[PDB]
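Lettering follows sequence order; numbering is per chain, from 1.
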Amino acid sequence: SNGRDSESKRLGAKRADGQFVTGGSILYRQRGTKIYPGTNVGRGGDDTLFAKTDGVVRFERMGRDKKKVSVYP
Amino acid sequence: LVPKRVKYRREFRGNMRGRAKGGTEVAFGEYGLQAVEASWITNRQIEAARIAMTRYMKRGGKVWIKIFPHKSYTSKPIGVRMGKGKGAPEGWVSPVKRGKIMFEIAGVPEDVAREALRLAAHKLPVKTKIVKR
Amino acid sequence: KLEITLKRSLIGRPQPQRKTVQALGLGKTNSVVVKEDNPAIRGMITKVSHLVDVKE
RNA sequence: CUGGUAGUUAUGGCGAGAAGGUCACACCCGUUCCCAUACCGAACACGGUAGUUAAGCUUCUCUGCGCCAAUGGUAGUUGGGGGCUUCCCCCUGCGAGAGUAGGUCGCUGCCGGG
RNA sequence: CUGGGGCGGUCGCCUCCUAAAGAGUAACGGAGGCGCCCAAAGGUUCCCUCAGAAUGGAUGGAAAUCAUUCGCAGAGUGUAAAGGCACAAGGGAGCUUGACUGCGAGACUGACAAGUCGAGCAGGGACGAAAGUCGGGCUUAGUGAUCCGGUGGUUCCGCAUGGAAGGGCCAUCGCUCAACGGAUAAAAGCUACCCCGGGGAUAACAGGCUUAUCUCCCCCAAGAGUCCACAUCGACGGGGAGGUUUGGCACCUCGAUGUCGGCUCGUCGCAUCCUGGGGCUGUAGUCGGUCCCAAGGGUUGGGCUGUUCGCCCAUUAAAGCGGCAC
RNA sequence: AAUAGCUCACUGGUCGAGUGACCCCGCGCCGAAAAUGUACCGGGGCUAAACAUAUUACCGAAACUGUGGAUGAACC
RNA sequence: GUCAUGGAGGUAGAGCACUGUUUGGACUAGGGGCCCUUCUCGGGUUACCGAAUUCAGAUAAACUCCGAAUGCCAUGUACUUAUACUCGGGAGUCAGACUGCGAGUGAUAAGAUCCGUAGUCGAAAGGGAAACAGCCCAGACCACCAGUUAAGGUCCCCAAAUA
RNA sequence: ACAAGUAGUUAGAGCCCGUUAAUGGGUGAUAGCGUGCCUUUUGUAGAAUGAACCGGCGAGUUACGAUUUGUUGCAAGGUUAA
Ligand SMILES: CCC[C@@H]1C[C@@H](C(=O)N[C@@H]([C@H]2O[C@H](SC)[C@H](O)[C@@H](O)[C@H]2O)[C@@H](C)O)N(C)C1
Ligand SMILES: [K+]
Ligand SMILES: [Mg+2]
Ligand SMILES: [Mg+2]
Ligand SMILES: [Mg+2]
Ligand SMILES: [Mg+2]
Ligand SMILES: [Mg+2]
Ligand SMILES: [Mg+2]
Ligand SMILES: [Mg+2]
Ligand SMILES: [Mg+2]
Ligand SMILES: [Mg+2]
Ligand SMILES: [Mg+2]
Ligand SMILES: [Mg+2]
Ligand SMILES: [Mg+2]
Ligand SMILES: [Mg+2]
Ligand SMILES: [Mg+2]
Ligand SMILES: [Mg+2]
Ligand SMILES: [Mg+2]
Ligand SMILES: [Mg+2]
Ligand SMILES: [Mg+2]
Ligand SMILES: [Mg+2]
Ligand SMILES: [Mg+2]
Ligand SMILES: [Mg+2]
Ligand SMILES: [Mg+2]
Ligand SMILES: [Mg+2]
Ligand SMILES: [Mg+2]
Ligand SMILES: [Mg+2]
Ligand SMILES: [Mg+2]
Ligand SMILES: [Mg+2]
Ligand SMILES: [Mg+2]
Ligand SMILES: [Mg+2]
Ligand SMILES: [Mg+2]
Ligand SMILES: [Mg+2]
Ligand SMILES: [Mg+2]
Ligand SMILES: [Mg+2]
Ligand SMILES: [Mg+2]
């Protein structure tokens with residue numbers, strides 16, 4: 001009666017803290033906001049975080065419990 | 001001893017590495033039976049050990065069972081090949097790790113405590129030490 | 001300045017250890033190499049200490 | 001000193017106690033007007049200043065709750081070795097969680113009035 | 001597909017655990033969902049805060065609707081689960097149709113086919129005073145290629161020429177093709193009458209590994225035994241040995257390792273059936289019980305059934321149990 | 001049969017130095033029965049030729065080195 | 001490859017803040033035994049049950065207030081090393097095995113099965129483990145009646161200690 | 001003619017020879033080491049397959065296309081078919 005599972009969706013970080021990215025680079029794939037859109041970062045319809053401009057990726061604490069990812073030129 | 005209900009009917013066997021994380025110092029009683037090596041203790045063995053203890057004390061003093069058989073185990077019948085999914089739940093066990101105090105007694109003199117506990121130890125599949133608070 | 005000598009075989013050793021021995025510049029068993037004593041080199045030696053002997 | 005508005009993982013919070021006020025800020029008074037209530041001028045909005053620090057606000061005190069937190073030890077574990085192996089032991093490096101000594105009743109801006 | 005095959009179950013998609021703190025990761029492993037829904041349950045602007053409990057109160061009950069207090073969320077989020085969400089992503093209300101057209105730097109995922117995200121640009125809008133947000137829905141299922149047909153459009157082609165027929169292009173519809181990368185538009189059985197190619201890649205015999213089960217031996221001792229645990233039994237539980245059972249696995253053998261019972265011939269083990277020696281006895285004697293030593297020899301003939309086994313008749317000192325390809 | 005017999009909880013004498021519980025660690029013992037033949041150190045055999053801790057010599061490979069030779073690549 | 005630096009990620013461990021499982025005590029609303037007028041409405045009764053409440057104590061693959069070692073992604077003006085990538089021509093492979101470690105299935109059986117991870121075999125001769133693909137040591141270009149070592153050894157078979 | 005043999009190989013006396021003259025030839029007491037070849041396999045000395053022996057015969061070819069590399073001629077050209 002078991003024997004089922006969905007295809008794995010390859011979630012998680014796609015670029016490293018300190019790595020240079022081009023505009024549109026997906027930074028994080030996620031369900032909901034495990035990580036929040038920081039500065040120069042957008043949240044897509046499926047919660048995907050992407051760089052809005054070229055620059056360097058920085059994963060940062062938001063405050064105590066939450067986390068954000070930013071892109072600094 | 002059986003859980004009134006369980007979230008999952010089937011459960012990994014697990015492992016028994018390391019010293020018991022809790023219940024290593026005798027807490028409610030004067031004397032305790034301490035597991036020296038690890039083992040699964042079945043509910044049938046806990047009962048056999050309890051009745052042996054309690055009978056010798058002659059409904060005197062108190063007996064705390066400090067282990068509970070939370071974990072189900074399954075078996076396949078004889079004449080059944082491998083596969084076709086996990087077997088039916090057969091029994092209930094408490095994985096006892098080394099250092100875990102399994103039984104505690106109070107309200108009897110040392111001599112009677114120490115005898116009731118050796119009588120219990122002979123029903124358990126694990127090497128035991130008697131320890132006092 | 002360190003003198004590093006490969007004393008044990010790489011046969012049967014994991015790739016990380018083999019790759020480190022290669023980066024140290026060691027070839028066959030009893031190969032010797034002379035390296036400047038840095039943290040970088042010290043770190044390599046530590047990963048493969050069981051394979052090599054180190055003098056000064 | 002106080003009003004506004006920011007930053008900072010609550011060491012900033014909660015709770016308890018005290019003091020303060022025409023300069024603000026409040027409560028407060030009123031519904032004619034703009035504007036309001038799925039009923040209610042409660043709120044929102046507008047017009048006032050008789051009354052009051054009671055509350056909010058501000059300042060001060062405290063460790064009861066929370067929060068922060070070493071050192072040491074221990075668990076675990078990379079690598080290297082041994083065993084009698086449900087598992088356990090030794091060497092090297094890393095090293096928690098809990099507990100604890102301790103810390104905390106914030107700190108740091110810019111603007112307006114005084 | 002398959003711990004041989006058949007029978008049963010399963011087949012695509014989503015969520016979780018397995019999964020070893022990136023990603024990925026198997027099993028006829030452990031759990032659940034899907035093949036939709038919503039004209040608002042979408043967009044935007046503004047405003048809001050839930051579960052439960054206590055106390056008080058007409059119908060009114062444990063529980064309806066009021067009121068106060070405490071309440072980080074114990075609620076909710078169309079729907080499984082996980083991850084999120086109280087500046088709400090939860091709850092009201094007003095206006096709306098961005099559930100837009102052309103696209104798209106660049107990324108993710110990935111054998112391919114596909115799948116996913118996307119700032120920004122242009123057109124023309126919705127809401128908002130503006131800032132701005134809006135290319136459906138908190139996120140991740142809700143689907144199916146090509147070929148062929150149908151319908152709508154069309155500054156495309158039109159077989160001498162003008163047309164037309166018919167085609168192309170754009171849009172859209174028609175399949176559990178669900179065995180869900182779909183052999184065809186269109187498909188069930190039997191073979192002991194069988195045949196060929198292969199396989200010890202894979203079953204039936206025996207060997208091997210394993211020993212759950214099985215046989216034997218122990219530990220503890222509640223008890224039974226008038227009394228008395230241990231003469232003899234020994235519950236509840238615990239530990240082994242053996243490799244004769246029922247099994248598990250699929251390692252040798254499918255260019256053949258003949259498979260049950262019997263006959264003939266035995267040989268070996270000892271966990272001993274008899275005979276020999278001995279301890280204990282709940283051993284008066286005669287008989288026994290139980291344990292220890294002991295494998296030298298011995299260990300029946302019939303009735304029934306293919307039987308092994310078993311029951312029976314009649315004996316015997318005794319009518320042993322096992323291994324040797326049962 | 002009960003009474004007594006013996007033997008004694010309890011002693012002063014001897015005779016006189018140790019004696020009795022309990023816990024931990026090392027190494028052993030029993031528990032220990034299978035089928036052709038010893039048959040659960042490869043054998044002999046071993047009381048160390050076993051075990052523990054420490055030490056040093058030596059043996060031991062087609063490893064590495066020495067001598068000669070052949071050969072690929074890269075470089076000059 | 002290492003060093004340094006930054007980061008994502010919830011395993012081991014641990015913990016009980018949530019969810020499930022769970023022991024003992026205290027408390028306490030009900031219900032159920034027991035008589036009473038009684039409608040057992042409520043008393044006087046209670047270890048016959050029982051939901052919260054706390055105090056102490058356990059427990060978890062599908063619990064988490066926490067949380068390593070490693071591994072992973074990246075940066076460097078660090079030190080070593082020698083490959084990467086692209087485009088073409090030609091393949092073979094799609095039965096794997098055991099060992100160690102981490103899991104599932106199984107009985108915490110299997111030389112079982114199925115993944116992950118490393119190694120060896122496969123395709124690897126040599127030495128050791130009596131013999132013994134997969135264990136220990138170690139990689140055979142050829143010749144030598146030279147040498148030094150590895151695992152394993154040194155009384156005899158049998159080279160070396162009756163150290 | 002006291003020996004336990006995948007038949008050799010390494011060491012090696014003794015005996016017998018005398019060459020394409022070489023640190024030669026035949027034989028081999030004794031000693032060490034040593035499980036054919038092929039196929040098929042995770043793994044075969046295999047108690048898996050095939051071959052009694054010897055000899056002969058016995059399996060990637062050609063044509064026409066495609067593509068790629070090498071070579072040669074000519075080159076913004078090159079080349080002819082029947
Ligand atoms: C349950 C049986 C298991 C199998 C039996 C065996 C086999 O095939 N036997 C053959 C035999 O046939 C003849 S005997 C009449 C032949 O002479 C004899 O050699 C042999 O081939 C036949 C009886 O089927 N297999 C190897 C395994
Ligand atoms: K025991
Ligand atoms: Mg998967
Ligand atoms: Mg969407
Ligand atoms: Mg090794
Ligand atoms: Mg099978
Ligand atoms: Mg089957
Ligand atoms: Mg992962
Ligand atoms: Mg058409
Ligand atoms: Mg025409
Ligand atoms: Mg398919
Ligand atoms: Mg017939
Ligand atoms: Mg087979
Ligand atoms: Mg069989
Ligand atoms: Mg056989
Ligand atoms: Mg297999
Ligand atoms: Mg044959
Ligand atoms: Mg006997
Ligand atoms: Mg008959
Ligand atoms: Mg037979
Ligand atoms: Mg060499
Ligand atoms: Mg754990
Ligand atoms: Mg956990
Ligand atoms: Mg493995
Ligand atoms: Mg296997
Ligand atoms: Mg092969
Ligand atoms: Mg080899
Ligand atoms: Mg050998
Ligand atoms: Mg071979
Ligand atoms: Mg040598
Ligand atoms: Mg030497
Ligand atoms: Mg010698
Ligand atoms: Mg002779
Ligand atoms: Mg002789
Ligand atoms: Mg033949
Ligand atoms: Mg060609």
Considering every strand and a 4.0 Å limit on heavy-atom distances, what is the contact class for [X]: base, sugar-phosphate, or nothing?
| X | answer |
| --- | --- |
| B/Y8 | base |
| A/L49 | nothing |
| C/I11 | base |

Can you find a donor-acceptor N/O pair under 3.5 angstrom joining the side chain of [X] to the base of [N]?
| X | N | answer |
| --- | --- | --- |
| A/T48 | E/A107 | no |
| B/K21 | G/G15 | yes |
| A/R4 | E/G30 | no |

Item to check | Reported CH2-to-OH distance for the pair B/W40 and B/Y73, which is rounded to 0.5 angstrom | outcome: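 With rounding to 0.5 Å, CH2 (B/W40) is 8.0 Å from OH (B/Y73).
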Checklist entry - For the atom pair CG (B/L117) and CE (B/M53), what is the distance rounded to the nearest 0.5 Å? => result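 Spacing of CG (B/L117) from CE (B/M53) equals 6.0 Å.
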Any side-chain N or O of [X] under 4.0 Å from OP1/OP2 of [N]?
| X | N | answer |
| --- | --- | --- |
| B/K100 | G/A58 | no |
| A/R15 | G/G7 | no |
| B/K66 | G/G57 | no |
| A/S8 | E/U25 | yes |
| B/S94 | G/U59 | no |
| B/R10 | G/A61 | no |
| A/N2 | E/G30 | yes |
| A/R64 | D/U11 | yes |
| B/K86 | G/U105 | yes |
| A/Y28 | G/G9 | yes |
| B/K7 | G/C63 | yes |
| C/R13 | D/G79 | no |
| B/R81 | E/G4 | yes |
| A/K67 | G/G7 | no |

Next on the checklist: Would you say the bases of E/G33 and E/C34 stack, taking the criterion to be ring centres below 5.5 Å apart together with planes below 30 degrees?
Outcome noted: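 Per the 5.5 Å and 30° rule, E/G33 stacks on E/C34.
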Checklist entry - E/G182 and E/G181, neighbours in the strand: six-membered ring centres under 5.5 Å and planes under 30°? => result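 For these two strand neighbours, the answer is no: their six-membered rings do not meet both cut-offs.
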Polar atoms only, N or O, under 3.5 Å: list the protein pairs with nucleotides 111-113 of chain G and their distances.
none

Checklist entry - So which one's nearest nucleotide on RNA chain E is more toward 5', A/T53 or B/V80? => result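 The answer here is A/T53.
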Next on the checklist: Which is more 5' along RNA chain E, the nucleotide nearest A/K34 or the one nearest B/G83? Just name the residue.
Outcome noted: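 The residue closer to the strand's 5' end, by nearest nucleotide, is B/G83.
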Mind calculating the distance between [atom1] ([X]) and [atom2] ([N]) to the nearest angstrom?
| X | N | atom1 | atom2 | value |
| --- | --- | --- | --- | --- |
| A/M62 | G/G7 | CE | P | 17 Å |
| B/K127 | E/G239 | NZ | P | 12 Å |
| B/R44 | E/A235 | CZ | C1' | 14 Å |

Checklist entry - Watson-Crick or G-U wobble, both distances under 3.5 Å: is that what E/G298 and E/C273 have going on? => result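 Pair flag for E/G298 and E/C273 is true.
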Next on the checklist: Would D/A18 and D/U59 qualify as a Watson-Crick or G-U pair, given that each of the two distances needs to be less than 3.5 Å?
Outcome noted: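 WC or G-U pairing between D/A18 and D/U59: yes.
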Checklist entry - Has A/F50 got its ring stacked on E/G118, by the test of a centre gap below 5.5 Å and a plane angle below 30°? => result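 Answer is no, no stack.
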So which nucleotide from [options] ends up closest to the side chain of [X]?
| X | options | result |
| --- | --- | --- |
| B/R17 | G/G106, G/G102, E/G237 | G/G102 |
| A/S6 | D/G80, G/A61, E/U15 | E/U15 |
| B/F68 | G/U22, G/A138, E/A235 | G/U22 |
| B/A48 | E/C236, G/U22, E/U2 | E/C236 |
| A/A16 | G/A74, G/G57, E/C85 | G/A74 |
| B/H70 | G/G24, G/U80, G/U59 | G/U59 |

Pairwise N/O distances under 3.5 Å, protein to nucleotides 109-111 of chain E:
unit_1, atom_1, unit_2, atom_2, d
E/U109, OP1, A/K14, NZ, 3.1
E/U109, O3', A/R10, NE, 3.4
E/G110, OP1, A/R10, NE, 3.0
E/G110, OP1, A/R10, NH2, 3.0

Next on the checklist: With rounding to the closest Å, how many angstrom separate the P atoms on E/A204 and G/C158?
Outcome noted: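 Straight-line distance between the two P atoms is 49 Å.
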Checklist entry - If you measure from the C1' atom in E/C175 to the same atom in E/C147, how many Å do you get, rounded? => result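 Approximately 13 Å lies between the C1' atom of E/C175 and that of E/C147.
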Next on the checklist: Just to be sure I understand the geometry, which residues of residues 14-29 of chain C put a non-hydrogen atom under 4.0 Å away from RNA chain F?
Outcome noted: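 Contacting residues: C/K28, C/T29.
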